[PDB]
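Protein chains in written order, with the working numbering: chain Y, 23 to 187; chain V, 336 to 599; chain B, 194 to 538; chain W, 129 to 499; chain H, 2 to 122; chain D, 25 to 87.
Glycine included, C-beta positions come from ideal geometry on N, C-alpha and C.
Written out below as structure tokens is the structure these notes cover.
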Amino acid sequence: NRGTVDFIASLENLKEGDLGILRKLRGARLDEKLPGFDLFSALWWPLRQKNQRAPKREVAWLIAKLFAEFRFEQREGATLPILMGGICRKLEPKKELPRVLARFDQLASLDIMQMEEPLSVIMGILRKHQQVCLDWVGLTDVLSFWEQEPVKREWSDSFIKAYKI
Amino acid sequence: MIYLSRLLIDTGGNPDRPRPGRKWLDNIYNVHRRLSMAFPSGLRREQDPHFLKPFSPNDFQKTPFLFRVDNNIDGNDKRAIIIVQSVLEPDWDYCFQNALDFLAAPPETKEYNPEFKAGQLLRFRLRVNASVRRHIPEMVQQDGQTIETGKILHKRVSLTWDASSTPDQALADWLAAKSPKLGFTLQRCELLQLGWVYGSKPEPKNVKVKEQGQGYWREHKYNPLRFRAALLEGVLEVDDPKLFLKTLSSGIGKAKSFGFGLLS
Amino acid sequence: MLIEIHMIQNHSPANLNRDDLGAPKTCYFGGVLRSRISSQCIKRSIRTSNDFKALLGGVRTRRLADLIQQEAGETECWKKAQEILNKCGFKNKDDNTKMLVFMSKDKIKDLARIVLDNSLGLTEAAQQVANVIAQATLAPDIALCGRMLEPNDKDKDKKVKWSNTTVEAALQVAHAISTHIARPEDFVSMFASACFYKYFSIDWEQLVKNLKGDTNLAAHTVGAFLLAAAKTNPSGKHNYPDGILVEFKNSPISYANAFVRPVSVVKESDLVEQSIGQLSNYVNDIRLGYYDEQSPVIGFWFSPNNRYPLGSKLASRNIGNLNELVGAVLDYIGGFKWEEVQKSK
Amino acid sequence: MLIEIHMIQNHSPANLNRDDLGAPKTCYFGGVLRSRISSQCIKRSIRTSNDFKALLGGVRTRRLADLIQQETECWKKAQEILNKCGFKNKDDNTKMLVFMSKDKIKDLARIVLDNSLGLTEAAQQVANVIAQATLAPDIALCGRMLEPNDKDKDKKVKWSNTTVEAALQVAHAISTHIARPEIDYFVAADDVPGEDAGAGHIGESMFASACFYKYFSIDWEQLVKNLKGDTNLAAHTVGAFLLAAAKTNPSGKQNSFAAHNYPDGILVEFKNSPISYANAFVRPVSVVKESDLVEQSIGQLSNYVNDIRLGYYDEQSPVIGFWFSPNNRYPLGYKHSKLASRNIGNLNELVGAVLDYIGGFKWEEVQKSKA
Amino acid sequence: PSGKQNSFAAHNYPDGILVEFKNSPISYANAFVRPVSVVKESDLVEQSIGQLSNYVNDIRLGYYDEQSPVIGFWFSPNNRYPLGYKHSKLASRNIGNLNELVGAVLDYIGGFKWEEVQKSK
Amino acid sequence: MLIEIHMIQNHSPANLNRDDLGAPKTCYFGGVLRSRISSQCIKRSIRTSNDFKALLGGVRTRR
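Below, the structure written as structure tokens:
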């Protein structure tokens, strides 16, 4: 898509104070603080009048909050079920692998709003394994259509494919 | 029946935050509107206390009344003063019940009744328009080559005073001569403020029509209105305490709705 | 050197500076409210005064196109000049340009004779317009008040180049404050002459640098500045100053803190002379705490025929005249008798 | 022997420090709003002051290799060398802040004009000479983060660490009372006549007036360690800091306001552990009808100074204090005791007392060590 | 702490130190569950110390009166902030100096002074 | 036998326990945002203190 790329690139332009106030708004809707809504409006309004396709609003808000909290860099080919699974091969299959594996499968049966904390723990173990790159555009357009089961099964089969290799 | 009171409004101090009262004071049509939906009615008072209803000016009582916006220092704080008085009781618990940002301190109602008899030295200021009907509305000077085309139009243009004097002895002569009509006099008069005041009033029209009823489909229009201001004081001696009360109930000049009212 | 003038003046606030709500301008000093007149109001009132009639050489306009056909004589040069100005970079919403242009009233004919030539294109015409308004600083008003000029870049042609188009201001006027409590108006010769304190500072070297090195023009500027400040009420349309203290130093010092506590006095006539007493007390302690050797400070005191005195020795001399005051400020720069300095614009 | 400066200074209505929105800078302290004169603004105002002329020379540089020709057309190869040193190029300048500072630009000029050498060794000796410049006492009062950008060269930049552990700590200036913001209204007043009333521009400006309590925290030992000795030079920079703290103000919007308000009282101390009497003005100063707010603020300050002097006692650590007022216009010992060791009336012997307690130096020979 | 003290010099001293001697631990942090709203008649430090004294007296009367009493010393510098305006004599000794509070703690400890203890190392 | 210390301070405008972004550390206590000075920071400033430069008997080094 040619609309989400501008959103991710504009997010990468954000300076320290803006993503600090985005960091402070974890688990909080974009209403109880005025500056957070102002920042989201500035990020989210001008990309609908230049390109016809835009992500969903809740996906954009959640992705902005998570991006502020973790601060990765955008790189093609680094979606969640590849780096996930790649880290699962670096594990003991007896005990820890079912633990981390269940932590990953918790994402596949959740709605967009409640995934903030499971995505937080998944990206926390990603940060523990020193992962710098994450395809924010790829994550965003597989998350804006997260409610159709073909993309969920494709994401899971990507995890399988990265695990068997 | 004087109901003199005060409405101390919240001027800001940051022209970065939105300032509702400062923006509200810049348009005298909406200033009159704000001062006039107070004491609204008892017709639908028992229905809702929350001021959440579609507005219509017909439900509001159409009693003419007065106000004036001024500025003063109490002892240590600049705060613009609005002085109002009316024949109906004050009930500003509904006009500002969801616009508390317009206010700075809660408003206070006073009781006052006048007595001056004749020839004392305890009087006060005045506000009026410098409006006169034109002696020579000269034939509508049009444009294109700076020419004159039209016939006539009786307009309430601003007062064209003399050219060899200043208006603290020209307008002073004007209201000194005007005073024996209204039942008082001026022994001294010095002007404080003069200039223009501006506003905007909307005109509902009708051009388009609707295919199943009458022409509900229609457009908007705005029009400007201007007035010439004069705020001034004087140490005055009332001729009689029997006809000056009518002047204290109508005011010298009758802008009324648009600020210029009675002596205060 | 810096020319720091402190004046105590009884200005009636009935016809004085107003804000957008009609109130007189007020400021909080010492935690308590005082009366204020704005610095730009004093600057403009001095500018458009009777004594500054010869020295008003700068025009702060938005319609150069209107000024083009005032000495051109011919009729059909109004829209081409607008196009050339737009190609320079000053955009047009109407007859006026939408940024403020500050030039001297002698290069407008230069712009007219540039515009009326029809032997060259619009690009180099706009470049020549920039050559006109990029160094046209030949005005004492420009030298005193200061200016920078920068144009819009959104659809301006990219083939234009501007010089260092800013001139640094020579004038630091303080917002003049009322020493006493501002009198209340209520809810039940006619208004008092408020004792005001004003502060003016002129940088001599920077001003003569801003006038391309002239000396008699700048001397006329400073003399007419003192005369216009003393004689003109700051407003728009004699009241002589009770005391003028004009001090020369190389650093700015503000004597506003002399009136941190207000001079709360019941008697009307017993206000200004002990306002001057408070000023003398604080000038004494500031001199005794700050000005010791190194760079000494010399100041002159003026009153209407020496009516309110000063203090011991905190000034240099007492003179009860205004043109003598001009002659006494202008001789410390060295010479420049005032009877010949007016032969400049 | 910590150099701690507590000052009292009332300001005329002005706007010295402003953000991008034009509002004067404000902070919260004790739950109430105070006027803030930011630390960096005070550092630059004392740095760019008239008296900080003999010891200046910590020159800011982002546009590099243009002064090299000022001291041949070295825009090509010297900028190429700088890029090979890590400071990459993004425009007609270097997109990296360089604190090269010291007046040893002769060394950089002579290595750049030396057309008998390559890139790697010249860039290396540049790396040791810019990490060991160590002049310009503003470096010793504010350090560097010049650690290039390791996305260039063949990775042969084995530099030395440039961090200097600067000895200065400056608190943001604190008003002793409630800050009162004010609005200024100005018009442009079109000079040539028109058919309108005439106003070429309309704007709103801000200003404020406050009594300011300032806190400068320097320690002598790190200051003299960062300055490789030169005791008279240390006395010169502390004297320049005292004179600049006493004589200059931030030059923001001062062409329109002129708030050159000099000092009310000065607290210069020398102790072994740092303290701030901002907590004196946790209670805001309210004006009483009998006294001015400078006298009131000095009384509150004296109350809290006596608190800390008596309630924090160790017999092995005696602490002195100096008090200054212009001609003793506001003595600190109004309430109960002579709190300061000596009450000083003029600035010059206040600097003399600072010199005497620091090293016994005088104000005449201290200017000989220009350095 | 030594954070951005170069640009924010906030070296300040504590105006209240409370030392208690129990065989079980407590933390008087539930006093400041309500944030201190600064009023025009008092200061933030005095109000916080008053809330702390309220909580300390309350916990002392609620979680005590054993056979073993709770003994403590209260420290304010030169006694500008005594323990509120509530019930007095709550602390066993209101001490105005820091070294005397340290000496009182050390004398409770078993009778070791402050000077010869430093001779250990 | 437990020896307990309870203290109350008040500092100037400060950045004592900033973020890697630069934001001073915050925590929620009672549902309202409170500034937090880290326990590790308090302990280290205690350990590195001037009056703790008469007690030190360990370094806790890396290499």
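Positions along the region 204 to 227 of chain B whose CB lies within less than 7 Å of some CB in chain W = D212, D213, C220, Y221, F222, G223, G224 and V225
query = Quick one: what does DSSP say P152 (chain W) is sitting in, helix, strand or coil?
reply = As a working mapping, residue 152 (chain W) is identified with position 24 in the fourth sequence. Three-state DSSP puts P152 (chain W) in a strand.
ask   = Ordered along the chain, which non-local residues of its own chain (more than five positions away) have a Cβ less than 7 Å from that of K87 (chain H)?
value = The residue you call residue 87 (chain H) lines up with position 86 of the fifth sequence. Cβ within range, chain order: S54, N55 and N58.
Contact set between the region 4 to 17 of chain H and chain W, restricted to residues whose Cβ is under 9 Å from the partner = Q6, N7, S8, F9, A10, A11, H12, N13, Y14 and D16
ask   = Would the region 355 to 362 of chain B and the region 317 to 330 of chain B be scored as touching if the rule is three or more Cβ pairs under 8 Å?
value = yes
Given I437 (chain B) as reference, the closest of B:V366, B:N514 and B:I370 once Cα atoms are compared = Reading the third sequence from its first residue, position 244 is the one you call residue 437 (chain B). Out of B:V366, B:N514 and B:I370, B:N514 has the C-alpha closest to the C-alpha of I437 (chain B).
ask   = CA-CA distance, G224 (chain B) and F384 (chain B)?
value = Here residue 224 (chain B) refers to the residue found at position 31 of the third sequence. Here residue 384 (chain B) refers to the residue found at position 191 of the third sequence. Cα-Cα distance, rounded: 25 Å.
message = Please list, in chain order, the residues of the region 408 to 427 of chain V that have any C-beta partner in chain B closer than 7 Å.
response = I408, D409, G410, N411, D412, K413 and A415
task = Pull up the distance between the alpha-carbon of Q119 (chain H) and that of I174 (chain W), whole angstroms please.
result = To locate residue 119 (chain H), count along the fifth sequence from 1; it is residue 118. To locate residue 174 (chain W), count along the fourth sequence from 1; it is residue 46. Each residue's Cα considered, the two are about 45 Å apart.
task = Evaluate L488 (chain V) with the Cβ neighbour count: other Cβ atoms within 10 Å of its Cβ, from every protein chain shown; 16 or more gives buried, anything less gives exposed.
result = Translated into positions along the second sequence, residue 488 (chain V) becomes position 153. Counting Cβ neighbours within 10 Å, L488 (chain V) comes out exposed, since fewer than 16 surround it.
message = Using C-beta distances below 7 Å, list every residue in its chain close to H151 (chain Y), excluding the 5 sequence neighbours before and after it, in chain order.
response = Translated into positions along the first sequence, residue 151 (chain Y) becomes position 129. Only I109 meet the Cβ criterion.
query = Roughly how many angstroms separate the alpha carbons of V366 (chain V) and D396 (chain B), rounded to a whole number?
reply = Taking the first residue of the second sequence as position 1, residue 366 (chain V) is located at position 31. Taking the first residue of the third sequence as position 1, residue 396 (chain B) is located at position 203. Taking the straight line from one Cα to the other gives about 48 Å.
Contact set for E91 (chain Y): own chain, Cβ-Cβ below 6 Å, skip 5 residues either direction = Numbered from 1 along the first sequence, position 69 holds the residue referred to as residue 91 (chain Y). Closer than 6 Å at the Cβ level, and outside the excluded window around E91 (chain Y), lie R45.
query = For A31 (chain Y), does the three-state DSSP call read helix, strand or coil?
reply = For the purposes of this step, residue 31 (chain Y) is identified with residue 9 of the first sequence, where counting begins at 1. In the structure shown, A31 (chain Y) sits in a helix (DSSP, three-state: H, G or I).
message = Please list the terminal residues of the continuous alpha helix (DSSP H) segment that includes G49 (chain Y).
response = By 1-based counting over the first sequence, the position of residue 49 (chain Y) is 27. No alpha helix (DSSP H) contains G49 (chain Y), which DSSP labels as neither H nor E.
ask   = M129 (chain W): buried (16+ other C-beta within 10 angstroms of its C-beta) or exposed?
value = Numbered from its first residue, the fourth sequence carries residue 129 (chain W) at position 1. Result: exposed.
message = Using CA atoms only, rank isn't needed, just tell me which of H:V71, H:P26 and H:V37 is closest to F53 (chain D).
response = Taking the first residue of the sixth sequence as 1, we reach residue 53 (chain D) at position 29. Considering only alpha carbons, the answer is H:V37.
task = Rank H:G51, H:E67 and H:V71 by C-alpha distance to the C-alpha of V39 (chain H) and give the top, closest one.
result = Residue 39 (chain H) sits at position 38 when you count from the first residue of the fifth sequence. Minimum Cα distance to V39 (chain H) is reached at H:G51.
request  = Report the rounded CA-to-CA distance for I198 (chain B) versus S394 (chain B), giving the unit in angstroms.
outcome  = Counting from one through the third sequence, the residue named residue 198 (chain B) turns up at place 5. Counting from one through the third sequence, the residue named residue 394 (chain B) turns up at place 201. Whole-angstrom Cα-Cα distance: 7 Å.
task = Would you mind sorting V544 (chain V) into buried or exposed? The rule is 16 or more other CB atoms within 10 Å of its CB.
result = Looking up residue 544 (chain V) in the second sequence gives position 209. It counts as exposed.
ask   = What residue does the beta strand (DSSP E) around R94 (chain H) start on, and which one ends it?
value = In the fifth sequence, residue 94 (chain H) corresponds to position 93, counting from 1. Start and end: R94 to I96.
request  = Anything in chain H within Cβ reach of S404 (chain W), meaning under 7 Å, just list it in chain order.
outcome  = Here residue 404 (chain W) refers to the residue found at position 276 of the fourth sequence. Within 7 Å Cβ-Cβ: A10, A11, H12 and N13.
ask   = Taking the C-alpha atoms as reference points, what is the distance between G266 (chain B) and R403 (chain V)?
value = Taking the first residue of the third sequence as position 1, residue 266 (chain B) is located at position 73. Taking the first residue of the second sequence as position 1, residue 403 (chain V) is located at position 68. Rounded to the nearest angstrom, the two C-alpha atoms are 52 Å apart.
ask   = Among the residues of its own chain, which have a CB less than 6 Å from the CB of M145 (chain Y), if the five just before and after it don't count?
value = The residue given as residue 145 (chain Y) occupies position 123 in the first sequence. Same-chain partners within the cutoff: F92.
ask   = What does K399 (chain W) pair with, by DSSP beta-bridge criteria?
value = Position 271 of the fourth sequence, counting from 1, holds the residue named residue 399 (chain W). Answer is W:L130, bridged to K399 (chain W).
ask   = Would you call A408 (chain W) buried or exposed, if buried means 16 or more other Cβ atoms sit within 10 Å of its Cβ?
value = Here the question's residue 408 (chain W) lines up with position 280 in the fourth sequence. With 16 or more Cβ atoms within 10 Å of its Cβ, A408 (chain W) is classed as buried.
query = Using CA coordinates, which residue listed in Y:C155, Y:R48 and Y:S180 is at the minimum distance from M135 (chain Y)?
reply = Mapped onto the first sequence, residue 135 (chain Y) falls at position 113. Closest by alpha carbon: Y:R48.
ask   = Along the region 366 to 383 of chain B, what residues have a CB closer than 9 Å to any CB found in chain V?
value = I374, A375, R376, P377, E378, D379, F380, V381, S382 and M383
ask   = At which residue ranges does the region 373 to 440 of chain W contain complete alpha helix (DSSP H) runs of 4 or more residues, listed in the order of the chain?
value = 421 to 439
ask   = Nearest to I61 (chain D) by CA position, among D:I27, D:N39 and D:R86, is which residue?
value = Within the sixth sequence, numbered from 1, the residue matching residue 61 (chain D) stands at position 37. For the residues D:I27, D:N39 and D:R86, the minimum Cα distance to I61 (chain D) belongs to D:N39.
request  = Verify the CB distance criterion: does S25 (chain H) have a CB-CB separation below 9 Å to chain D?
outcome  = Position 24 of the fifth sequence, counted from the first residue, corresponds to residue 25 (chain H). Closer than 9 Å to some Cβ of chain D, the Cβ of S25 (chain H) qualifies, so yes.
message = Spatial neighbours of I370 (chain B) within its chain, please: C-beta separation below 8 Å, excluding the five flanking residues on both sides.
response = Locating residue 370 (chain B) in the third sequence gives position 177, where the first residue counts as 1. For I370 (chain B), where only same-chain residues beyond five positions count, the Cβ hits under 8 Å are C220, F222, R227, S228, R229, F389, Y390, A449 and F452.
query = Between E349 (chain W) and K234 (chain W), what straight-line distance do the alpha-carbon atoms span, to the nearest angstrom?
reply = The residue given as residue 349 (chain W) occupies position 221 in the fourth sequence. The residue given as residue 234 (chain W) occupies position 106 in the fourth sequence. Rounded to the nearest angstrom, the two C-alpha atoms are 31 Å apart.
ask   = In chain order, what residues of the region 65 to 77 of chain D put their CB closer than 9 Å to some CB of chain H?
value = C65, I66, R68, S69 and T72
Assigned secondary structure, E378 (chain B) (DSSP; H/G/I helix, E/B strand, else coil) = Start at 1 with the first residue of the third sequence, and residue 378 (chain B) comes out as number 185. The answer is coil: DSSP assigns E378 (chain B) none of H, G, I, E or B.
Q137 (chain W) - DSSP class collapsed to helix/strand/coil = Residue 137 (chain W) sits at position 9 when you count from the first residue of the fourth sequence. It is a strand residue.
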